[PDB]
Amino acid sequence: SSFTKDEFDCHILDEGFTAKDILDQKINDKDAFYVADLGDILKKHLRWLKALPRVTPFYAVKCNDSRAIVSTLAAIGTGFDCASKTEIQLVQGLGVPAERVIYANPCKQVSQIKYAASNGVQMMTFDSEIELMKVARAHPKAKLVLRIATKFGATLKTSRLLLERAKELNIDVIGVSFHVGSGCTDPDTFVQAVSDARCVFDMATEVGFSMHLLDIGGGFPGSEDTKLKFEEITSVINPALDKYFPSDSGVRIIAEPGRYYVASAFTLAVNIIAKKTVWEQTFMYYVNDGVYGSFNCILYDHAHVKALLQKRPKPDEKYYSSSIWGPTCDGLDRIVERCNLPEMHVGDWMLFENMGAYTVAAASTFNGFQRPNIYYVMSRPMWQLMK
């Protein structure tokens, strides 16, 4: 059972078959491939509506720009955080209205600002006086959001000057945004950011702006590996929002989650293409995706990946010190430096879960190695819910 829409095919899971079961079915040229569970994205959306009922999510497209993902999120009602002309074209090309887009790049090429003005995208961020000069010339009627620091972010000591400069240029400033990021292992950083945002809203009132938009950014975890759970963060954000930004004020609260929505939806299957033995003693395994491909996340996103075997465990099997390398002819294309694994063979598969964020979006075809095909799946109940 399958369905087609927005130039993608999606298999519908019927019994109690899960995305993991489909993966096994495909394994039962042997190029690496992904199984992407669109149902996991709807699950994440329901969980978001429950945890942060006052906060509208604007998906950060740069995390994973796969057409099916963006199509799915659009269908379920998210907004989009776009940072370039291409990202805006992607979202508008899927039928999403300009009002559901925030151009949340504080430092934008002037031609790309002109593109947003021409296509009706009015909401953009900024954090510098030169950005205001550019907006004055290229999108004078835009609705600006001041990005504050917790590369980017205006200090509280310098925000007042920017707000006065915006008023001098007759630019409307409608709110404040911040981005804590995923590195943070403390929910209190989000709380302090909300408090800093309220200070800036009050400064803006003194300058003559009646701000109404609070954007709490991204960094929410999308996988279970992370120590700090999503609901540990949201449970402390909610009281801060109620304290500093009561609903009676007319304020609109939004966020820019990326990895939250898509990290766990993608599982990557790679095949063991080559193998060396350094003396049964230690083993080196070469696989058909690597650091120039999906595992660029180890270098750009500081991600921590974990190799899982696809075959079922065996009683009392022996474990050996092993290393896992990518397919390129580059000595630094190494995925796992040292791990303990049973003896594996060429043609065997290894699985890498929680591979949806900052993976496919930044992969290249360096050395001619192609991108893994992505197979989409969705449970029957989730398929019905989306419609």
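Position 1 is the first residue in the sequence shown; the rest follow in order.
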Gap size, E280 back to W279 (deposited sequence, no coordinates): 10 or more
Deposited residues lacking coordinates between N28 and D29 (none, 1 to 3, 4 to 9, 10 or more): 4 to 9
Comparing 109 to 117 with 190 to 198, the one whose average Cα B-factor in the PDB entry is higher: 190 to 198
Between the two ranges 177 to 185 and 293 to 301, the one averaging a larger CA B factor in the entry: 177 to 185
Of the residues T155, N170, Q122, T125, the one carrying the largest Cα B-factor as recorded: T155
Among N367, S364, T18, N373 - the residue whose C-alpha B-factor is largest in the record: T18
CA B-factor placement of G347, once the chain's modelled residues are sorted into thirds: lowest
Where the record places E129 (Cα B-factor, split into thirds across the chain): middle
Within-chain third of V91 by Cα B-factor, per the entry: middle
Third of the chain, ranked by Cα B-factor, where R147 sits: lowest
Third of chain Cα B-factors occupied by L332: highest
